[PDB]
Amino acid sequence: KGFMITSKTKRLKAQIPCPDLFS
Amino acid sequence: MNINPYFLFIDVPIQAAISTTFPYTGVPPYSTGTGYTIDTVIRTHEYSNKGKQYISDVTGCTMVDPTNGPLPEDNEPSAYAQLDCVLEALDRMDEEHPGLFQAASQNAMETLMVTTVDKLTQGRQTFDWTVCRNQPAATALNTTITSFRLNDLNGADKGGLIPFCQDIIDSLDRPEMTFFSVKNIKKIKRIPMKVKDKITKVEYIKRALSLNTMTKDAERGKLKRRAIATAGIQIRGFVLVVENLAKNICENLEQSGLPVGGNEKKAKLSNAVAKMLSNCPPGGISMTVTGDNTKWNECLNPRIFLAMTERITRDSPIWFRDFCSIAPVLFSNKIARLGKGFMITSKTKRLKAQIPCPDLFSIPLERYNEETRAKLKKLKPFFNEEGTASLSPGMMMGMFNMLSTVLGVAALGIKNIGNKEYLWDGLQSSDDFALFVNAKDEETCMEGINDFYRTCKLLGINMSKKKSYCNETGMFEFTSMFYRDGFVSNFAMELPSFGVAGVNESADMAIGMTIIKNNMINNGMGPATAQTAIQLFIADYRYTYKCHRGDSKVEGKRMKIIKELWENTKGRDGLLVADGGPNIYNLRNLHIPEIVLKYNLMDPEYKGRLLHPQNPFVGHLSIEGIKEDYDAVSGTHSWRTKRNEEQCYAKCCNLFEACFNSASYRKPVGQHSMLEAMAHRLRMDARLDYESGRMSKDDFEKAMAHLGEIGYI
Amino acid sequence: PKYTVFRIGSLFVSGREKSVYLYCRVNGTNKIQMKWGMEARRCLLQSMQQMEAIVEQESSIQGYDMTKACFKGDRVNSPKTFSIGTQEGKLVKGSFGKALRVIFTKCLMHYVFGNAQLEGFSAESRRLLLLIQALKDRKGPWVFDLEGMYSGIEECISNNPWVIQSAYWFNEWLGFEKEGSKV
Amino acid sequence: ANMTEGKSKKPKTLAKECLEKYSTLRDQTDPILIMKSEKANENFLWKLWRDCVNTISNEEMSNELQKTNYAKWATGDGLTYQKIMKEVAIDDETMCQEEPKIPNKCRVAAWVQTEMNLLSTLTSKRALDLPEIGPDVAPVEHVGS
Amino acid sequence: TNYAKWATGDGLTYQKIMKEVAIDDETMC
Ligand SMILES: [Mg+2]
């Protein structure tokens, strides 16, 4: 599934798939 | 070499080049107004907080009375106008003008007796209590008339304004008040409909006395905004009569003069300067004070205006004296609706929410910013639970302009204090005044200016010391009009954007040319400026209506047919510009319609097509606006725009006009129902058609059957 | 400091290389702002009325029309000139056309940098301009309070480039006028 | 600059043709950032610019951007607060009123004088064209002309 | 219902955005 990145100030979440781990 | 525009003043007077100093080619400042309205209330009560504070029994609000209060002890604005001083000024004004008050009162009464209810349809957006909103004058008037029928108040049907205003006064006594309110139901669609709602007496009184507020828009020359207000229909007629009385008084006054328009301002300024200079004693000095009052309407009390109305109508029937005393009475007990509330946001949660004004104090004051915190803390005493603030003292802008001008001229007409060695006189108009003092030396002139300042303090009139200055007579400014050495340089009237009025091609062209010519006649527009204005207007006209010269390379839906007409038409200089024709307007022929101007050069078929008597682009009902004034012609370019108890009245009057084409032009006359007259004329029309063969036997039989169904056989 | 600028290429305007950058910026507008921007062309009108008045005055002083005389002169009148700027503390004169262009640019800048600050500054500085004119003509002007007027003018000088540059220019012109008063 | 016979064309077509003439700048797809202001995303702005160029150069005739979702966040539109009913605002003790933002106090800048100097100079190109008016017969219209 | 959305914290949920925007944004981590 990959990892998850988040911005608390903007209150946004996104999922980075495994292929896009190094982008 | 570093360009410095101000250096242009080294070789030219500032007055001559003052036009460039004025920014009138950018965007005027535009705006919530809740903070500004609260600030206006706070300022108005601050200038009156040393007066008398009581509770209005009728409404329960907190009332402040600065009149006859302590005399000012500092140079801050003061509303403590002494009644005796105002009466002194008005008595002096009466003495210098024999029978002006009586003449104005008689004229106002006679005009009131003839004025009808429909006169209230003129004006701007008015407060509608039925919906507690702002709606056009006609909308508010018909809504009030309809809701008065439900309450057994049928004065509107009587015609004249006096019975309608009598029913308005009566409505304040009804224990309840029934009306039609817009209710939105979720059926998901939000459908609005009329519902028979009721409000008790006190709420109705509050609504009638209430004044809707907003932030004034496009007010150039001011860094910060202010609060503009609009009233309801309950005070419109009385305000109209009082303003008529004030205008009747102030047209005769030479200090104010009949409210001047166009280039009469130059004449007024020149006459004032010349008269004062002639009056100047031998070897004396005349000094002109260029004055400016800012927020001077916040120190004007409706009680003082009630006193002026009472004094002006000293010899009049009690009915008119009482009628003229109702606008000040309703303005002294006015209620200020406060904007739309404040907006509070949390950025750790990215949330926002508007706080409606009824709920201003439901939140702890610690959650407002410091300025809003202090504003609300000071506003709390005059806050009403329903989301409004009582504003007894002061007056909102634009309500009593003629009356305030009369008061200012009364202040001007004192002319001296203590038999001192100076005489003062000036011009007054709507918050703007200019003073002239003649004396024997500069010191005495300054003494006279100080005396005038102190006297104005006694009438509630405050003059801005920051905005007012003085110099020797011969150079000053008034109503944004700069006089210098006999030369007047009015350069604050922004020339209206020379673009199509957006009604239709023919009418728009006529309006634009007439506007340019009127500017030339009144506003001193020069030849070259007028020609460039014509060029700009023609450019905008061609851009809006996609009507460029047939010989141009522009493309479009209409331009293809214009190009076709360019070559299919032999006489090329006779085409209207809307048909790709060449413009032939110049300074000399700005007053002749281009339809006539090109009649001789039109091709034989082009005029027939354009002037085809029966062409589909014209309808009778579209002619209402032909008058309002521009001179034009009827033709294919005379079309109208699509339409984006309302429909009841609309269709009834449309049928009334259709049956009788005269009703559109001149008022019909009769003492009977419109229905019976309609039936009779329809019977006559059917008989004429049957006689002339335009109708068949069955059609006339059907018409008679329908008329009998109406019940007029 | 408000522009994110990239370097997108280079050009040969006249056979000489010149870098081509791309200035990127996020801004906001209102329909009223767009409308009033559509009416920037009135600057032209504002820039001609003024000049027309000037010519009219000259045409009043001497019978014949002075437009030709005002712009480039004639047999009996030299061309009109106006003080446009300064260099190294010495004022510089320029033709009527140069003053015309300066007036037009002034109106255009009033439009471009127009907001509440500019309106306030212009309105409040008009009073000081009229007071200075009264001083020049020896009309013996008086002020009921001067610090109030100065504060009202200065409260509008915060961040508008045109207002600040206009304040600088006003100070420079006021110094020049003081020197002229000395002589 | 693109020289043309004078035919008036839609702004989208004009921009497309001007970009086509300068193909090197249009096809530049590797940005060289010179300075990012304080907070602007270089990637957002550059991708938005590339979307603009692609939309202008596309064979279609509509000028609408083809992403409509990346552009939502590139322009900052998506970073907007969400309205909530007044009751929750009353009960939420952390929802306050934003303090007013005061304009910065700045000093004179040397670029305003340069702009004044440069803008009031004659150039080789004029963009001002106005319509025609009818002939002049009176002397007054002659002097106006 | 409208109140219960915020009282229980259900409304305070982070918005999901396309991975391209998140990758282009250096603030997300
Ligand atoms: Mg004034």
# chains A, B, ... in the order shown; residues from 1 in each chain; ligands from 1
call {"tool": "residues_around", "arguments": {"residues": "residue 24 of chain E", "least_positions_apart": "5", "cutoff": "10 Å", "atoms": "only C-alpha atoms", "output": "PyMOL selection string"}}
result
(chain A and resi 23) or (chain D and resi 41-44+47+74) or (chain E and resi 19)
call {"tool": "write_last_selection", "arguments": {"atoms": "C-alpha atoms", "output": "JSON list (two decimals), in the first residue's frame"}}
result
[["chain", "number", "residue", "atom", "x", "y", "z"],
["A", 23, "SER", "CA", 10.25, 10.20, -5.36],
["D", 41, "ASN", "CA", 5.78, 26.36, -4.15],
["D", 42, "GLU", "CA", 8.15, 26.31, -7.11],
["D", 43, "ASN", "CA", 6.72, 22.97, -8.22],
["D", 44, "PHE", "CA", 3.11, 24.17, -8.01],
["D", 47, "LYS", "CA", 3.38, 22.83, -13.15],
["D", 74, "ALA", "CA", -1.42, 24.95, -7.00],
["E", 19, "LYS", "CA", -0.28, 11.89, -4.68]]
call {"tool": "residues_around", "arguments": {"residues": "segment 445-447 of chain B", "least_positions_apart": "6", "cutoff": "8 Å", "atoms": "only C-alpha atoms", "output": "ChimeraX atom specification"}}
result
/B:285-287,422,437-439
call {"tool": "residues_near_ligand", "arguments": {"ligand": "ligand 1", "cutoff": "7 Å", "atoms": "only C-alpha atoms and all ligand atoms", "output": "ChimeraX atom specification"}}
result
/B:290-292,432-434,477-480
call {"tool": "interface_residues", "arguments": {"of": "chain E", "to": "chain D", "cutoff": "9 Å", "atoms": "only C-alpha atoms", "output": "number ranges by chain"}}
result
E: 2-3, 6-7, 17-18, 20-21, 24-26
call {"tool": "write_last_selection", "arguments": {"atoms": "C-alpha atoms", "output": "PDB file, in the first residue's frame"}}
result
ATOM      1  CA  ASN E   2     -24.943  18.551  12.493  1.00  0.00           C
ATOM      2  CA  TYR E   3     -23.802  19.234  16.056  1.00  0.00           C
ATOM      3  CA  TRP E   6     -18.214  18.254  15.445  1.00  0.00           C
ATOM      4  CA  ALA E   7     -18.945  17.264  19.053  1.00  0.00           C
ATOM      5  CA  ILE E  17      -5.271  14.745  -1.995  1.00  0.00           C
ATOM      6  CA  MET E  18      -3.803  13.228  -5.136  1.00  0.00           C
ATOM      7  CA  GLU E  20       1.143  14.299  -7.269  1.00  0.00           C
ATOM      8  CA  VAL E  21       0.217  17.362  -5.205  1.00  0.00           C
ATOM      9  CA  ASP E  24       5.215  18.327  -5.042  1.00  0.00           C
ATOM     10  CA  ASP E  25       4.588  19.769  -1.556  1.00  0.00           C
ATOM     11  CA  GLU E  26       7.644  19.709   0.710  1.00  0.00           C
TER      12      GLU E  26
END
call {"tool": "closest_atom_pairs", "arguments": {"of": "chain D", "to": "chain B", "cutoff": "6 Å", "atoms": "only C-alpha atoms", "output": "tab-separated table"}}
result
residue	atom	partner	partner_atom	distance
D:7	CA	B:553	CA	5.3
D:8	CA	B:554	CA	5.4
D:81	CA	B:350	CA	4.9
D:82	CA	B:351	CA	5.0
D:83	CA	B:352	CA	5.0
D:84	CA	B:353	CA	5.5
D:86	CA	B:353	CA	6.0
D:90	CA	B:363	CA	5.9
D:95	CA	B:346	CA	4.5
D:96	CA	B:367	CA	4.5
D:97	CA	B:344	CA	4.4
D:99	CA	B:369	CA	5.2
D:117	CA	B:3	CA	5.9
D:131	CA	B:535	CA	5.3
D:133	CA	B:584	CA	5.5
D:134	CA	B:584	CA	3.5
D:144	CA	B:528	CA	4.0
call {"tool": "interface_residues", "arguments": {"of": "chain A", "to": "chain D", "cutoff": "10 Å", "atoms": "only C-alpha atoms", "output": "PyMOL selection string"}}
result
chain A and resi 10-12
call {"tool": "interface_residues", "arguments": {"of": "chain C", "to": "chain B", "cutoff": "7 Å", "atoms": "only C-alpha atoms", "output": "PyMOL selection string"}}
result
chain C and resi 33+36+40+42-43+45+48-50+82-87+102+107+110-112+114-117+119-120+122-123+129-130+133-134+139-146+148-149+169-170+173
call {"tool": "atom_distance", "arguments": {"atom1": "atom CA of residue 609 of chain B", "atom2": "atom CA of residue 622 of chain B"}}
result
20.3 Å
call {"tool": "interface_residues", "arguments": {"of": "chain A", "to": "chain E", "cutoff": "6 Å", "atoms": "only C-alpha atoms", "output": "compact mmCIF listing (two decimals) with N, CA and C atoms, in the first residue's frame"}}
result
# COMPACT_ATOMS: atom_id res chain seq x y z
N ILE A 5 1.94 10.30 4.20
CA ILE A 5 2.52 11.58 4.59
C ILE A 5 1.38 12.53 4.93
N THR A 6 1.68 13.52 5.77
CA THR A 6 0.65 14.37 6.33
C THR A 6 1.21 15.76 6.58
N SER A 7 0.35 16.76 6.41
CA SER A 7 0.65 18.15 6.76
C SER A 7 -0.37 18.59 7.79
N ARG A 11 -3.71 20.41 7.37
CA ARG A 11 -4.64 19.32 7.64
C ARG A 11 -4.93 18.53 6.36
N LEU A 12 -3.86 18.03 5.76
CA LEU A 12 -3.95 17.22 4.55
C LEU A 12 -3.21 15.91 4.77
N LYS A 13 -3.70 14.86 4.12
CA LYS A 13 -3.05 13.55 4.16
C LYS A 13 -2.97 12.98 2.76
N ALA A 14 -1.91 12.22 2.50
CA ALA A 14 -1.72 11.59 1.21
C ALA A 14 -1.03 10.25 1.40
call {"tool": "select_by_dssp", "arguments": {"residues": "segment 5-123 of chain D", "states": "alpha helix (DSSP H)", "output": "VMD selection string"}}
result
chain D and resid 11 to 21 23 to 27 42 to 57 70 to 74 86 to 91 110 to 119
call {"tool": "interface_residues", "arguments": {"of": "chain D", "to": "chain C", "cutoff": "9 Å", "atoms": "only C-alpha atoms", "output": "PyMOL selection string"}}
result
chain D and resi 24-26+28-38+40-42+45-46+49+75-76+102-110+112-113+116-117+119-122+143
call {"tool": "atom_distance", "arguments": {"atom1": "atom CA of residue 648 of chain B", "atom2": "atom CA of residue 184 of chain B"}}
result
21.7 Å
call {"tool": "select_by_dssp", "arguments": {"residues": "segment 149-349 of chain B", "states": "strand (DSSP E)", "output": "VMD selection string"}}
result
chain B and resid 176 to 186 190 to 200 210 to 215 227 to 230 285 to 290 335 to 337 342 to 346
call {"tool": "atom_distance", "arguments": {"atom1": "atom CA of residue 179 of chain B", "atom2": "atom CA of residue 197 of chain B"}}
result
5.5 Å
